[PDB]
Colleague: 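Let me begin by handing over the structure; questions about it come next.
Proteins get letters first, then strands, A, B, ... in listed order; numbering begins at 1 in each. Remember, it's 1-based here, ligands and their atoms both numbered in the order they're listed. Just the heavy atoms: all of them, side chains too, but no hydrogens, waters or symmetry mates, feed the values below.
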Amino acid sequence: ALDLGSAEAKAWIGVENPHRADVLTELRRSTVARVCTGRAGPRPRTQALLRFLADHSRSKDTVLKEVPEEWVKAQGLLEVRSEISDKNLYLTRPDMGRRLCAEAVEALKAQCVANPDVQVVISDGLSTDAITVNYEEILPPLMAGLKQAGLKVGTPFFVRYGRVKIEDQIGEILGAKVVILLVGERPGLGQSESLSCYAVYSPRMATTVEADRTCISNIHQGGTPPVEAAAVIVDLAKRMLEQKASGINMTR
Amino acid sequence: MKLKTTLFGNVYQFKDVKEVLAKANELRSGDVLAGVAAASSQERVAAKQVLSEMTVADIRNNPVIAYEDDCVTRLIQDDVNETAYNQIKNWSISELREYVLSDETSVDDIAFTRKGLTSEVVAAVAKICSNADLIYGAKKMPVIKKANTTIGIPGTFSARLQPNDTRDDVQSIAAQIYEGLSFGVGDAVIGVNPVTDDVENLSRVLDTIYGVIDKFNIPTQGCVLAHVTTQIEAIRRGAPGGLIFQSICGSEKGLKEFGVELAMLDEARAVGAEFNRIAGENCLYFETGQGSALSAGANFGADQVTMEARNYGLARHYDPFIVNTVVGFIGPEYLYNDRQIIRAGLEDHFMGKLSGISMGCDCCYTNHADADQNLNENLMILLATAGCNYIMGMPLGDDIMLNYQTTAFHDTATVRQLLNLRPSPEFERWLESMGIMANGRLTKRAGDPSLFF
Amino acid sequence: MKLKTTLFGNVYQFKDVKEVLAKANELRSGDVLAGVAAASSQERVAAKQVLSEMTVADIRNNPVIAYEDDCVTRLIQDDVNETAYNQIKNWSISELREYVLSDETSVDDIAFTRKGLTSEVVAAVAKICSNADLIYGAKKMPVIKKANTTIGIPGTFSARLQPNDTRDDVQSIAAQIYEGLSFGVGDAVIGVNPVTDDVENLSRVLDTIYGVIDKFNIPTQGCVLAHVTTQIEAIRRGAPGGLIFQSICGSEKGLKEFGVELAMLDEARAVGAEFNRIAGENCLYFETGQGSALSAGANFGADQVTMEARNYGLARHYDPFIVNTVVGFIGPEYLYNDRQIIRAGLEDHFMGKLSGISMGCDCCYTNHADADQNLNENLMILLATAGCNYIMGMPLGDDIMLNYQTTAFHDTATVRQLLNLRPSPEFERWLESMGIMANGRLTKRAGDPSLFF
Amino acid sequence: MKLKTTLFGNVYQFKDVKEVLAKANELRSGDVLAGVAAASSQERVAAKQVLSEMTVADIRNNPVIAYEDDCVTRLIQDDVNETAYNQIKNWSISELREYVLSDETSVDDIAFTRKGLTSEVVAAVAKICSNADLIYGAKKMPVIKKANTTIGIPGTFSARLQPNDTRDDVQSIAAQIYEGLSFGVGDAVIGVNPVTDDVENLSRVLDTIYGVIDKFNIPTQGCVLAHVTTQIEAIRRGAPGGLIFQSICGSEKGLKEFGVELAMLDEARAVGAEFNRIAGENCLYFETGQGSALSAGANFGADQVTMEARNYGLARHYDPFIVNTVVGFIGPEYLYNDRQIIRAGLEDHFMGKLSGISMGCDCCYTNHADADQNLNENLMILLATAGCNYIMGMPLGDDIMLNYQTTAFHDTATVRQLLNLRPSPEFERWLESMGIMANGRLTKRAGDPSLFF
Ligand code: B12
Ligand code: NA
Ligand code: NA
Ligand code: NA
Ligand code: NA
Ligand code: NA
Ligand code: NA
Ligand code: NA
């Protein structure tokens with residue numbers, strides 16, 4: 001009577017006549033990776049295939065899953081969106097999720113502080129779960145750190161259907177010295193909580209390249225903890241403002 | 001040069017060589033996105049025929065980005081053996097396709113002929129090849145390199161052990177290594193994408209990989225897939241150097257996007273020669289994949305196949321131990337489904353072999369793409385029949401930190417026993433002495449990482 | 001047995017074994033049309049787990065159509081070795097999958113074990129296999145038969161020569177035979193679907209085929225794929241008997257649709273034994289394909305995979321020389337695209353081999369399905385690595401009269417030279433003496449029908 | 001380090017590493033002339049023991065000519081793999097000898113270890129080896145390269161065809177080419193020392209060579225052994241490029257004597273890559289020989305063996321297709337007799353293989369030295385058992401214009417049929433198709449140039 005999503009299914013060791021089964025338990029504990037499931041000839045054991053397929057069904061669902069505007073409105077965040085109108089078009093048009101729609105620009109100019117030192121921008125990107133699960137834990141202490149030891153903290157907002165490069169236009173419109181972006185990275189097989197941050201010093205659409213950004217990926221309880229990540233982002237920000245540079249232009 | 005033909009009484013004219021190259025592609029997500037695809041099936045066929053009629057000279061003399069404007073174009077053009085080029089410059093692409101495929105064209109014939117190509121010509125040839133053309137053509141063009149293992153010998157099949165961890169936890173990395181070795185994976189490289197690109201962390205990950213290599217005296221090499229500058233740093237400062245890795249792009253703009261200067265790859269080769277623990281003469285590792293240029297706004301109106309082929313012309317200049325496409329690494333926007341991902345994998349592999357590089361494939365997909373694990377198994381088998389130098393291996397193919405699915409350790413053992421292929425000969429010897437492999441097959445004791453304990 | 005599992009905390013219940021078997025299938029347009037398909041991926045997987053947990057007994061005792069209601073059910077059940085069944089009846093389908101796939105399970109092991117299976121159990125196994133499982137499993141289950149050629153020996157790959165003509169014109173038929181023979185096709189059979197189902201015409205076609213066989217003394221056999229009744233008439237009346245063909249279906253109602261009585265197959269065996277020009281002991285040729293039962297309203301609520309498996313169970317009773325699925329022969333209503341057609345072909349071939357029949361595949365598709373020639377090339381290569389007994393050949397894959405695309409003569413030579421496979425040993429001898437083949441490869445002067453004049 | 005030992009109670013002191021390296025040599029007329037040779041056998045042996053006791057470090061850090069003073073020293077030192085050097089730097093030369101000779105040291109082991117050596121260390125090893133040590137050690141260090149032929153594979157033995165003419169008369173040149181080809185000579189190269197060092201003449205000779213190559217489609221390469229500058233001119237101006245040749249010397253002053261800049265060798269590689277008709281990746285040809293540095297007053301107090309080893313170290317930087325010492329090419333002042341010439345040839349070949357270059361030998365002597373044709377026959381056979389990559393061939397060994405005797409065309413066939421060795425595999429194929437060779441042996445109709453008409 002095994003649920004394939006259960007903790008028991010996850011910890012299952014399937015090696016048939018193991019040399020040292022105690023080592024296998026230790027190994028399986030070492031990692032979230034699907035080790036120690038054994039084999040049938042050269043092929044996966046039936047139970048390992050089954051759980052894989054179960055996880056895959058769940059993974060697909062997380063791709064198309066969207067945050068309620070009710071949720072973001074309750075976060076007290078302004079909601080804006082890229083040129084994209086829906087989840088299906090987002091997946092097929094990167095160029096559109098990298099540009100603000102013509103009303104986004106006008107909302108940001110009318111509602112956000114001009115020329116901040118540090119601007120936080122938040123998007124669902126490729127995984128809604130990454131921001132929903134992580135949000136209360138990363139966002140407040142981040143913008144606490146920025147004001148608490150810091151200076152001009154911009155007003156944070158949510159971009160629907162965003163892609164990372166949309167932060168270059170955003171930085172131009174608001175004249176941000178630094179722009180930081182929390183965005184869902186594409187969902188993995190067994191996990192959709194993984195959040196990244198993409199940050200730029202004084203970006204420009206026509207000049208800034210991808211290497212000009214600093215990346216901090218794999219933010220979530222199973223990688224770098226949201227609370228802890230928020231402190232490293234605050235630190236990064238102030239180093240960017242000191243150095244007038246980000247990513248591949250930052251010392252050590 | 002004719003840029004026009006008539007199909008069923010309809011005249012099909014194209015602007016230039018670049019358009020012909022684009023609209024000759026089999027339908028894919030990314031071409032439509034770049035705005036360069038055919039408008040219809042007939043126009044695709046017409047573009048194919050027009051292209052098949054162009055000469056090697058036609059294509060060579062119209063690179064997708066100009067010589068003066070692009071250092072990658074310069075690198076590719078400056079590498080041409082003009083004596084080989086002169087022999088073939090008046091061939092039509094149709095005659096070149098038929099020549100590559102001919103059983104009367106030997107490995108040594110292709111050895112010299114390929115030196116007269118540029119990547120655009122490589123790409124042109126691929127565009128007028130059916131799927132079986134790409135497989136059979138690739139199979140008759142073996143490319144063999146040597147680090148601490150030999151890779152690419154016909155009748156063999158290698159694998160990268162990809163023991164990635166969310167936290168770079170040395171325990172998790174070690175666990176996955178032991179598991180991979182137990183299936184006979186790791187003859188290509190034991191290669192980690194780290195979470196943090198800093199020297200102390202790179203050294204620690206290398207120390208973990210080499211701890212295992214050194215303890216069991218494994219004939220293989222390690223790699224940490226951070227930025228080339230950081231690897232060089234670690235190695236200069238004393239880390240064990242195995243393969244030196246860099247992702248590449250097929251234009252100068254694309255290289256800028258990635259933060260890479262060609263001088264860095266020169267230096268990587270110099271650093272390998274002074275520091276690296278490699279017996280053979282090859283120590284570089286490049287990774288590629290369709291869509292990277294387009295994503296970087298760096299395709300200059302060229303298609304993603306033509307741009308990918310330019311990755312191979314670049315890499316060839318540096319004589320790498322291995323190169324692989326990460327065929328479906330990005331998302332549905334560039335390759336939408338099974339059909340498109342398979343085709344791309346066959347193209348990429350054929351083009352790499354034709355360019356004379358040690359070409360493998362990470363047969364993979366993402367969860368936002370219309371694909372599943374059965375796709376990876378279809379493609380990996382097809383590519384094995386084509387003589388793919390190597391694939392990846394992760395436990396069941398689930399990468400916990402790059403958030404995609406590649407091939408399982410099981411898949412390499414499966415492919416080897418299905419097709420009677422052997423690992424790299426030096427690694428095979430090691431597997432046999434470990435009691436893991438006998439006559440190219442996993443023993444009863446195989447597949448159990450606890451065997452190393 | 002359980003007809004219920006929980007998956008991610010949601011209970012998944014099923015009505016009966018039949019429902020479980022249907023929903024476990026990978027998605028295809030056929031199961032949707034039949035209205036028996038899973039509602040989501042979650043329920044597909046839940047059905048797979050429920051199935052994987054049922055025993056051989058559970059499935060053996062629950063056939064899609066009842067014993068007393070269906071002559072094919074009775075044939076299948078009556079053919080069970082009850083000693084072999086009793087050894088395995090308490091195995092889960094999970095355990096049977098792992099047994100089939102194990103490297104410690106030999107050909108001889110499977111030889112006895114397969115006798116304790118029914119078609120439904122064969123189906124259940126296929127349903128919980130990945131694409132690689134289906135290929136590797138099928139490869140370790142060789143099935144060898146003999147007419148005038150030997151087919152199915154590992155390391156070999158045969159082909160039907162299919163010289164069809166819209167008017168049954170003996171010149172057009174002969175033309176394609178010389179063409180196919182020049183590419184080394186025809187070791188399975190020289191088989192024609194004729195236009196008129198008529199004794200005079202059948203003998204004329206047969207006379208045509210055997211004129212070429214007798215002239216060049218070719219070790220092969222000829223066939224005319226009309227109704228079994230008419231072939232029997234013609235052979236009784238003096239026409240040369242090679243293989244006797246019938247299309248089959250996995251239910252009694254299905255067989256009625258086709259105008260087939262079981263006693264006709266008994267009679268075809270008897271006629272074979274009195275009349276046919278066959279050295280070995282196998283002389284029957286069956287053809288199958290997912291969707292036939294559904295078309296005939298004879299699936300009785302069962303999915304097309306389970307139905308197709310029942311065909312092989314029927315076929316096994318008559319020990320035919322060859323069987324093939326005609327994988328994409330009908331259209332998108334049953335198998336929509338590349339993806340689904342590849343899966344079905346792998347499924348059909350694996351089930352055929354598990355049932356212990358001489359299983360080949362017509363890798364084919366139709367022009368109203370979402371498919372192209374690159375699909376046939378993907379699929380033929382995958383199946384070849386699976387040890388597929390034979391494929392078809394026509395000039396470039398174009399049937400001028402059945403209105404679909406199968407594999408080219410080129411494709412058999414491609415597969416053979418790609419995978420180092422040989423023809424039937426008897427036929428290979430003949431190709432060598434004709435100067436068409438040397439060491440498994442087409443000579444310079446192969447692929448030229450004028451070689452025969 | 002110690003520069004001192006006692007032997008039979010008598011103290012033997014030496015001034016510096018250089019002195020030790022010189023006196024350790026087996027006696028030759030060259031070291032006497034240079035005034036660096038041992039005073040007696042006792043002091044020869046004492047020097048050998050002192051040397052055998054110094055470390056790799058001791059010798060690596062004490063090159064005959066200082067880093068900042070000599071471009072060749074810098075090339076050699078800059079090419080060291082410092083990770084490989086660090087593993088062995090504390091080994092005695094005694095220990096390095098025993099390592100090289102050990103049956104537990106593999107080709108792959110030596111492949112890495114040799115990268116931590118400098119030429120001086122290579123020399124030191126040769127100095128404490130017996131004749132059998134030099135032969136057996138060299139044999140377990142194969143070095144394989146590829147142009148249009150593959151050279152250096154164990155079980156094979158190649159040969160340069162040397163069709164020199166006092167007037168560069170194309171008829172005389174062609175005559176000897178047909179003669180050499182009939183004995184199976186020319187798989188290494190068809191190489192002419194020309195009379196005039198002149199573009200028109202070089203192309204004419206090259207045209208002659210390639211006329212025969214192109215006519216019979218011979219898998220080989222041609223070369224004209226004029227100054228590298230003039231070969232580059234001719235090839236740039238349209239003459240067929242095969243191998244590019246330069247004589248070398250192991251000091252900067254030596255290179256100046258020859259009119260050679262390092263940048264000329266860089267340029268020869270670049271020209272090769274743009275112009276040359278070579279399938280594989282090796283296209284350079286170097287020639288060396290004990291005594292050149294001494295002749296040039298460029299030995300700086302070093303013995304001729306240590307100097308010759310520095311040539312190989314230089315050569316290795318450019319990864320040439322072939323190198324050979326021209327062992328007895330100059331005269332008795334440097335190598336007096338049979339005895340000394342055999343020793344030098346064994347020394348040169350062993351050092352070349354230890355340096356990891358494609359080492360052959362021109363087994364030759366001059367008429368003012370104490371030597372005869374039986375010397376060339378002794379030496380060619382010994383070196384062949386050592387796995388010598390190639391020797392020369394002229395008609396009966398008589399060079400009508402360089403004024404010495406090398407090996408006959410007969411001698412290559414002799415060696416091959418004596419030791420069961422084959423030609424380069426590509427060339428062997430060609431000989432077989434011409435009916436010149438069957439199973440490694442000359443057919444009845446071999447050795448007859450009229451076979452080509
Ligand atoms: C997909 C992907 C790519 C794609 C490009 C982006 C895309 N997917 O379209 C390709 C295949 C081009 C790629 C290339 C490279 N990538 Co990348 N990439 C990823 C991946 C798997 C997904 C990120 C994502 O989904 N972002 C969210 C979506 C919604 O944003 P997007 O607008 O659609 O995609 C943008 C970002 O992906 C960004 N990006 C992707 N990789 C990197 C790396 C760096 C350093 C930066 C600044 C930006 C960046 O480029 C896209 C802009 O078009 C991550 C792994 C992960 N766990 O997230 C690694 C990852 C981000 N990449 C990595 C690296 C190092 C590289 C390379 C430098 C080569 C390499 N060593 O692998 C190159 C060049 C990076 C660059 N400077 O542009 C590292 C970054 C480490 C760091 N903090 O610096 C990551 C984290 C994986 C890893 N652990 O190595 N990659
Ligand atoms: Na995510
Ligand atoms: Na992280
Ligand atoms: Na310019
Ligand atoms: Na008859
Ligand atoms: Na129907
Ligand atoms: Na030239
Ligand atoms: Na002198």
Colleague: Between the Na ion (ligand 3) and A/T224, is there an N, O or S atom separated by less than 3.0 Å?
Modeller: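 No, outside the cut-off.
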Colleague: Any idea which N/O/S atom from A/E185 gets closest to the Na ion (ligand 2)?
Modeller: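 Sorting the N, O and S atoms of A/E185 by distance to the Na ion (ligand 2) puts O first.
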Colleague: For the Na ion (ligand 5), which protein N/O/S atoms fall under 3.0 Å? Skip waters.
Modeller: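 For the Na ion (ligand 5), the protein N, O and S atoms that sit under 3.0 Å away are C/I235 O, C/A239 O.
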Colleague: Between C/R160 and C/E287, is there a side-chain N and carboxylate O pair less than 4.0 Å apart?
Modeller: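 Salt bridge present between C/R160 and C/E287.
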Colleague: Is any side-chain N of the basic residue among C/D319 and C/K145 closer than 4.0 Å to the acidic one's carboxylate O?
Modeller: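 C/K145 and C/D319: salt-bridged.
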Colleague: Would you call C/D214 and C/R277 a salt bridge, using N to O less than 4.0 angstrom?
Modeller: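 Looking at C/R277 together with C/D214, the answer is yes, because their closest N to O distance falls below 4.0 Å.
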Colleague: Just by distance, no angles: are the side chains of B/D399 and B/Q162 close enough, under 3.5 Å, to form a donor-acceptor pair?
Modeller: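 Side-chain D/A pair, B/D399 to B/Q162: present.
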Colleague: Parallel, tilted or perpendicular: which fits the ring planes of A/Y161 and A/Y90, with parallel below 30° and perpendicular above 60°?
Modeller: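 Answer is tilted, since the angle falls between 30° and 60°.
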Colleague: Which of these passes salt bridge (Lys or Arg N to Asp or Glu O under 4.0 Å) with A/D168: A/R99, A/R213, A/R163?
Modeller: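 For A/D168, the salt bridge (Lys or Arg N to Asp or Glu O under 4.0 Å) check succeeds only for A/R213.
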Colleague: Find the distance between CZ (C/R204) and CD1 (C/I173) and round it off to the nearest 0.5 Å.
Modeller: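 With rounding to 0.5 Å, CZ (C/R204) is 9.0 Å from CD1 (C/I173).
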